[PDB]
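Asker: Please find one structure pasted underneath; my questions will follow.
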Amino acid sequence: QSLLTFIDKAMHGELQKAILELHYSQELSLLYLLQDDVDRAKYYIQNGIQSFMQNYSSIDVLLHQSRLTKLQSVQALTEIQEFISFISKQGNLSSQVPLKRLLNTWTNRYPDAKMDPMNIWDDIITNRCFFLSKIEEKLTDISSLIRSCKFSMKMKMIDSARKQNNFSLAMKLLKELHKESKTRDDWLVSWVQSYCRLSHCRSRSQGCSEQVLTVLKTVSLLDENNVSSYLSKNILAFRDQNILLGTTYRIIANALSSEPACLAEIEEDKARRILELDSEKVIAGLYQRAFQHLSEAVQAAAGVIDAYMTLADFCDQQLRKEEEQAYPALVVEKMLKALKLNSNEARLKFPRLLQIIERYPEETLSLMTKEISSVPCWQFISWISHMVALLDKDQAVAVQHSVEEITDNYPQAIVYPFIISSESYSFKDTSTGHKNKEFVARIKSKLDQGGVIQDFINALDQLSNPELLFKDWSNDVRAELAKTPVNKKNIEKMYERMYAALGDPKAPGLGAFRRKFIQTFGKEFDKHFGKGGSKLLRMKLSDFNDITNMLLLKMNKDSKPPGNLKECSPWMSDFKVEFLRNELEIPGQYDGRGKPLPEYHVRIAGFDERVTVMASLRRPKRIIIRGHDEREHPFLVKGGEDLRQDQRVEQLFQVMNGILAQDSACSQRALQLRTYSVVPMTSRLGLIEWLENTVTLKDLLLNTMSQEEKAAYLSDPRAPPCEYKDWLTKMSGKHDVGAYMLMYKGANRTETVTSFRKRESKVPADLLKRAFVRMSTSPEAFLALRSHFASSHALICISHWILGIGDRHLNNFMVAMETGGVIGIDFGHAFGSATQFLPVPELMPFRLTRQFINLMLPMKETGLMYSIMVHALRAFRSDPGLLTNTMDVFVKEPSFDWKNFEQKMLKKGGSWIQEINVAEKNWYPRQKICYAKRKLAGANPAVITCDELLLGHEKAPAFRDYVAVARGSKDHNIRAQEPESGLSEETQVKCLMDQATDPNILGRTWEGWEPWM
Amino acid sequence: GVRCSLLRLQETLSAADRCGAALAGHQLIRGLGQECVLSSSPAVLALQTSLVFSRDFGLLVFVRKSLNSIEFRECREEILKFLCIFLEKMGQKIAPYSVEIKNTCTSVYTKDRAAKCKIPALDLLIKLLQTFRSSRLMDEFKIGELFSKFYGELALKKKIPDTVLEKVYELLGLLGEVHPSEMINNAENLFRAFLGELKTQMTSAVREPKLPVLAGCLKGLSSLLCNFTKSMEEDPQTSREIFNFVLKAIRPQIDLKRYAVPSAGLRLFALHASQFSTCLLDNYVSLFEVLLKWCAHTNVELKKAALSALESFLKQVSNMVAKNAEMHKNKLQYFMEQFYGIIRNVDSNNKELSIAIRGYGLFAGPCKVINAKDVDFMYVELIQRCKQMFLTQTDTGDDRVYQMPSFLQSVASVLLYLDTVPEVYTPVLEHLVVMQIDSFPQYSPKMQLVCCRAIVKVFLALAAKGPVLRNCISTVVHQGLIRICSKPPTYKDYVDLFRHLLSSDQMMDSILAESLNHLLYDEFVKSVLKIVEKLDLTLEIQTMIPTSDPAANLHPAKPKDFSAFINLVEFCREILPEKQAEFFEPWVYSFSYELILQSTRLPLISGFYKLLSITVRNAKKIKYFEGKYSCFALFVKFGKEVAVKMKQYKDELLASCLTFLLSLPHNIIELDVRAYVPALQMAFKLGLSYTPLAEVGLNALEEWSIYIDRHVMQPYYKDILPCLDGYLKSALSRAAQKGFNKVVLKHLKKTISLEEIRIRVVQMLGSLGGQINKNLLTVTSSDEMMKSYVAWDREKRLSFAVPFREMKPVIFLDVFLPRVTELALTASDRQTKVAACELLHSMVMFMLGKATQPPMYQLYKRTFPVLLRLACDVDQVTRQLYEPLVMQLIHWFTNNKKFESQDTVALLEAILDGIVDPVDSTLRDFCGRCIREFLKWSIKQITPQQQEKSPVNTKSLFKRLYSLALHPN
DNA sequence: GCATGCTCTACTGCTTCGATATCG
DNA sequence: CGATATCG
DNA sequence: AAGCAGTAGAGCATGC
């Protein structure tokens, strides 16, 4: 009797109406229907709806998330509307069918988890149970139907509150709900199910001291009923009980394995509880109990897929612990039993089988054939590039007929990895080593029934640039021959390609299609190629490439590459689709994920009679080709680069932002990755996607300045390039690379910071906001221009570190001016090696210069990017470990086994040249995954940098000064003051953000990285 | 305006200066009553009902709190005169104030003193209680005070002067009419009082019998002798006395004015005919004498009253000579020779023959079996009168258009009892019926229902005879449809006649002595297909490039057939969808097959799709569809066909085929919804400037979401929803002016918006879940929203220096433009659109004018694709501008101050991707004319002085033409 | 050619006032 | 002269 | 009876 009297006296006058009815009207209608004036309530709710529309109308179109917070309330508004209309009209007097229909449309129409926060959840569920209680009191099976509706909505609210990190509300609701689940049985077992699942999710967030106590709490609540006379009735109740109890025993035996004995020191009765179920004779006991419960679980829709998968992961981490039994049989058994069904996590769990077959060949390989025989073939499509290189490996015959099923059904995608694998495939002497020759010949025959794909690859090949291949040949011979001519057949096997492409003007006319400029350059290679065909065929000269040097000097003079047409490549200029020749079906499709239907696939129809050449370090070319489905598609071509590892890291991006769309707090801010696409047609030739009106970052920052700001920045003696290089030469005495080794003995920590500020002072700070006001001209849109750019840039600068990438200078960042997103490209170094194998090691994890700082004025740069980075890492380290195993089988996959990597560094502008001699070893595919697992499992990021710097630059002259630069000073940097291991997320990202901006680190770094701007 | 006058009425119910604001309050009530009739809009009609039903201002308490005053008498009278016209200005939404106005009229009978104020309260009172029919509310009209209080108002009142003494007898017969089940135990003394009152009022010695208590007592006698009708079965004493009462009440030769009592006696003997049955033998001669006298008194309502009393007496005479056929030979002989003498053929103009017609048609009945040969010359003589009297094609001087349904009912009633028809005059009879049903809209109410009963009577008559005659009814409706559809009265009074004949046959069957509506609906659908067969609707081009095909031929072959085709489709819309219950079973396949067989031959004729919409809507109104399979798969092949046919059309056909497409059953067509989703995409885009397609699109999205399985549609919500953001952003004046003096009331009796869609969109968007709604705003965030949110250049050129006398500041006269062009493209407002166009023309001239002494080719490309779509847009003024402007600039850009500056090739590519585009069809035609002008003045100037490396030359655009001719697009 | 709508108007009638027969 | 009708 | 107002009913051009 407190609020209704207040409102019944306050409802007078004008000033006690023009706020109180302008604002609410809806809870006003609610308390009015509590006092039962439905027509007054009808007026107030219609005013509520009209106020919703009027409040909607004045908002803008691009102010996001306020539209969403307004829009979510309309479910509640029309729920009150349906209730008042249902209780007014009385055809529902005693006929129960409107109650049945309303129960059905209530239990169908649900607010979803992971996008609706708990306040709106509370609003709609409180309104719904309140209206149901109103029907319960008004109109005096059916009430038990009402009670089941109430509890089902409540437990749904519980299981939605678990996912969105809101544990205390579910604690309070489960605490108030236990007195309800005593008239029934399944209510009680779902109560204890939700309890143990919530304690599971709490334990991952909890510390090890807290972990043991909460799991002792849930096993203490696992001493009650629901085992008697219902696990026989519902066998799935027994199954899920065994699942959860095995998960508890799993997590406690996980808990007493990280710290050796310190956890088993302080308890008395719970210490007796540990050992009643030494110090190893109960660890193995808990592991045996967990395996026994998981065995009963997999012994007893889609309620058993997870039961298989947890036992698979259990034995998998057991096997990884063993290398760092019948369990390798059991894991492949239940894993393929899972993958036969429609799964996704098992679809990402294929290289476990692909490596455990090689490691355990005697362990039931006939079972592997027999189980891989019975599988739908629309699954393996994403994992084809490993199985195509597996044919050279002995015992490649655990599956052949499903592979042939996939080829005979969908050959037009597998045609691209097969040329790459057949380029290097050498079998053995045994009879199974000739059956593999028979198999590769029969599938080379079952492929290329048309005989036009190879022709298309050739026609795309012969539009390239000849000087680039000339430099490639010169560096290849200077590498492989100038040391010692002990190499078998390599000089001829390289010279056959040099004579085929860019030889005489008629050998490409016979073995390929004559392009309209090989008659200008392969013809021009006649007189200096006569001596080439005379002596260069079998020279073994091993000393001399100055004749190659003077010819690459005088072969850049008349270099003209703009054909600007498709007379440059006369095959596709006159394509003119004729009939069924089993058409090409443009590469870049068949991602997997279900049954691919090629009737909707786009057929490559026409090409464009104009090309544009780019300005990069390889000068690529684009095409604007046109498909059968009436549109255009642009693409860029790249000749002489391997493009398989980049496809793998794009697949890694795909799986990690598959993880990002699963938990709550990152989904509610909609954080994704701009995943473009590559295709490796043959080795050293691939097609890359190109997106729409996209500017490089250095292009934007150069275009922003004035005409005189440009010349004062670049063409000046006080240029921060020239000033930095002049100061670094004067503080060294020398003039080239190696002065970055002379600087770390003879420079102090703070005077270098002042000299850094000297060049920081020159360039302005408002350049990014000047470029952002140059285009926007609207304070309504400036907010949603800045916010999306900052969000995306923080997300990519925190996902470019979990897998360690380096070499991020300004040209590797692509901003889309129409929307305001930023995406990075050009993955050079997959794990932490770009600071290892360079002369001067860059030590920052990612870019954070003064421009991202001075855009965030007047905020400190510790509020906006901080929240999204801590949400990123809290989303990362709560996984079963998919990213770990996928990175492991990526780096262990043979594609860059140090020779491809050194050839790739020669394929770019190579700062590193030679003098390796121990770097052939210390590649070490155990150390990289070990240290990535450390830097995911909690590690101070001043320790990982020291670890890889020691591993890469042991016995270097300037090493400890490098570590002392990247070590702190115990007063100026928090990283020297923070510990070295066992950290948490907020202090992790605090150490990381302080590590990023650190004016000793930005003092001495490579001048191409351009650290000032 | 409204309700402030009512608050002034509340402030002036007790304001000062008694007898000092009577004219203020009176002009207040008259001012509200003016604009309470001067609004033909139901929104304010729904407003004012809730206005007048209030308890603070208004009427219900103002009739109780403003009585004892001298300051406002005209106000008290004007409100009770205004309420009795607002009783029927609205409908019957005054039902929850039956008891409120009951205690109101108790209060104003008691407390008020005046009589000229007492009368209009009684007016609205009795008209309200007549407006109510026997139902719940009369049970709370307490007869214990309604009879007894107002009956002791008779008793405990002497010198009851005139106008309440009549009104109390009006009240007690009013409630005798409406729900007399409360009036069982108050019957005996009241009729004794009714005898004694008129006894002392008329049969006294020296008193002048004044009219009003006679009128009241006779109306009460009629309205109370009906519930307990007193025949020769109740009391054979007051039957005799009431008989002599009403007969002296219709005594002739009393020539006077104010003919209340004779018309009252006529209206009473209209009802009470069959009651005084055995006393209708006494003075039948003088009964007929006064009937023949007062039949032609030449007073306006007295004619109708006289003929109604006349036909009622003739009906009872025919009934008594029917049921008592033994002793009545003399009586039937007298009426026989009388009517044959009056039909004899001498000079009878429209009086003796007009009474001859009805009595002849009625007396066909009795003598039908005594002789059977005079019955044979019966209807032969009747045709030999009516055929010669009708159809003379006298353009000036034969308007017997008010006498017709009498003739029709008579010829039907004589057509009944015959057998073996002379059957030669039947193409005169059917011509008579089609003439009468043709000249139907120049009638009045209560003429129309008599005519409807007549035509239904004759259709019942000539359908029990034989199927040799059952095709006259088939052909007369065929002729009638092509008559009524020809004349563009336009067609809008035949519609409810066709409704009344087949629909409300069921209220005709009672008095008159099956499958009638079956037969008439079958005949109607047969006629509407046989008419639409023989029409030849084709169009022929008269003697540009037409690339549309609802194309530039505005001329069809027979233009007077298209009018009687669109009148056909509108009549079909108004009559068809009612009652698809049992009759519309078999025609679902054959009629649909016929319509598509015609429409496949010609696509571009609208209304065919409207016929298809009508038959598919009745097919969804019936169930019938749970799998003939022929017509199922026929619609399957038809829908995809029209859904790919409707692409390159224009608006007025697009709306019709969309109303077809989204009215498919389509819960039974579960497949290929990806071909229906561009139709529903275009439907809401063509909403918000046209209502009913935007209504039916939501009405069908409801059907989709509530009846289909929500898994195929579960990805198909990302492109239905996110377009919906636009939704959630006469003689009454002179018949009211000069008082409410009831002739103005007689002349009053002679004479879906967007916000409901807003409410329904919100109810839909709420009822369709939480997890689905989120895509509604997440559409692209990269389109012309952001392109209106981008600067059109890096730096701003075109600095404008406004002229002043001292200062002259500068203004960037380009910052207005992304609102200026979106305004001038479509303003949706005819006053501001022309101003936007003039401003934009001057702006374009200025931006050209600065260019003779900075680069703007980033701006020209953003400028021109609205200059084209406004040069050839819609209106005449926006065509007369921007067309010579675009010719001026295209000829300037094809010149020597031109000649290969990026601006010229920019203009060229602008008009070229003007040519190649999806559906904007007229634009491509316009820029084809532009490239023709380009081809003219480009090459018709330059001599070969530099005409060898000009990339603007026609060879380059020939290569461009080859490129456009070479695409799989 | 007719039903109807715009005026006229004189009957009717309504209130107001006042001069005379009937019974304690 | 005083309560109650009468009537133009 | 005096002052005076409503009002049915009859009459003159007009639309369909």
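So you can find residues: chains in the structure tokens are A, B, ... in the order shown, residues in each start at 1, and ligands are numbered from 1 in order.
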Excluding residue B:493 and any residue of its chain fewer than 3 positions from it, enumerate the residues within 9 Å of it, using only C-alpha atoms (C1' of nucleotides), and give them as a list in words.
Answerer: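 The residues that qualify are residues 440, 441, 442, 489, 490, 496 and 497 of chain B.
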Asker: Taking 5 positions as the minimum chain separation for residues in the same chain, which residues sit within 10 Å of residue C:22 when counting only C-alpha atoms (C1' of nucleotides)? Answer as an NGL selection string.
Answerer: :D and (4-6)
Asker: Do a neighbour search on stretch 5-8 of chain B at 7 Å with only C-alpha atoms (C1' of nucleotides), toss out local chain neighbours closer than 4 positions, and write the hits as a PyMOL selection string.
Answerer: chain B and resi 12+28+57-58
Asker: Include N, CA, C and O atoms and write out the residues we just selected as an mmCIF file, in the first residue's frame.
Answerer:
```cif
data_model
loop_
_atom_site.group_PDB
_atom_site.id
_atom_site.type_symbol
_atom_site.label_atom_id
_atom_site.label_comp_id
_atom_site.auth_asym_id
_atom_site.auth_seq_id
_atom_site.Cartn_x
_atom_site.Cartn_y
_atom_site.Cartn_z
ATOM 1 N N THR B 12 -19.671 28.832 -18.293
ATOM 2 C CA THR B 12 -20.801 29.734 -18.445
ATOM 3 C C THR B 12 -22.130 29.091 -18.057
ATOM 4 O O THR B 12 -23.185 29.689 -18.263
ATOM 5 N N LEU B 28 -22.877 29.512 -29.585
ATOM 6 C CA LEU B 28 -21.966 28.417 -29.264
ATOM 7 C C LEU B 28 -22.511 27.079 -29.759
ATOM 8 O O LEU B 28 -21.808 26.328 -30.453
ATOM 9 N N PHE B 57 -17.850 17.896 -19.287
ATOM 10 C CA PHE B 57 -18.573 18.707 -20.252
ATOM 11 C C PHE B 57 -19.619 17.818 -20.923
ATOM 12 O O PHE B 57 -19.927 16.722 -20.450
ATOM 13 N N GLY B 58 -20.193 18.284 -22.025
ATOM 14 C CA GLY B 58 -21.036 17.410 -22.813
ATOM 15 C C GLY B 58 -22.511 17.590 -22.546
ATOM 16 O O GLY B 58 -22.977 18.714 -22.353
#
```
Asker: At a cut-off of 10 Å, using only C-alpha atoms (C1' of nucleotides), what residues contact residue C:14? Leave out same-chain residues fewer than 3 positions from it and give the result as a PyMOL selection string.
Answerer: (chain B and resi 115-116+161-162) or (chain E and resi 4-6)
Asker: Residues of chain C within 10 Å of chain B, using only C-alpha atoms (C1' of nucleotides), as a ChimeraX atom specification?
Answerer: /C:1-5,11-14
Asker: For the atom pair atom CA of residue A:317 and atom CA of residue A:655, what is the interatomic distance in Å to one decimal place?
Answerer: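 Atom CA of residue A:655 lies at a distance of 20.5 Å from atom CA of residue A:317.
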Asker: Of the residues A:253, A:604, A:169, A:555, which is the one nearest to chain B, using only C-alpha atoms?
Answerer: A:604
Asker: Compute the chain B side of the contact with chain A at 6 Å, counting only C-alpha atoms, and hand it back as an MDAnalysis selection string.
Answerer: chainID B and resid 729 766 769:771 782 790:791 969
Asker: Could you pull the residues within 12 Å of residue D:8, counting only C-alpha atoms (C1' of nucleotides), minus those fewer than 6 positions along the same chain, as a list in words?
Answerer: residues 17, 18, 19 and 20 of chain C; 1 and 2 of chain E
Asker: Convert the current residue selection to file output with C-alpha atoms (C1' of nucleotides), as an mmCIF file, in the first residue's frame.
Answerer:
```cif
data_model
loop_
_atom_site.group_PDB
_atom_site.id
_atom_site.type_symbol
_atom_site.label_atom_id
_atom_site.label_comp_id
_atom_site.auth_asym_id
_atom_site.auth_seq_id
_atom_site.Cartn_x
_atom_site.Cartn_y
_atom_site.Cartn_z
ATOM 1 C "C1'" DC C 17 -54.653 38.593 -18.275
ATOM 2 C "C1'" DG C 18 -58.713 39.593 -16.626
ATOM 3 C "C1'" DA C 19 -63.834 39.655 -15.756
ATOM 4 C "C1'" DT C 20 -67.655 36.593 -13.775
ATOM 5 C "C1'" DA E 1 -58.841 39.256 -26.116
ATOM 6 C "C1'" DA E 2 -53.513 40.664 -27.639
#
```
Asker: Name all residues at most 12 Å from residue B:895 (count only C-alpha atoms (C1' of nucleotides); drop same-chain ones fewer than 2 positions away) and give them as a ChimeraX atom specification.
Answerer: /B:888-893,897-901,903-904,934,936-942,952
Asker: Residue A:447: which residues within 7 Å, counting only C-alpha atoms (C1' of nucleotides), same-chain residues fewer than 3 positions away excluded, as a PyMOL selection string?
Answerer: chain A and resi 411+443-444
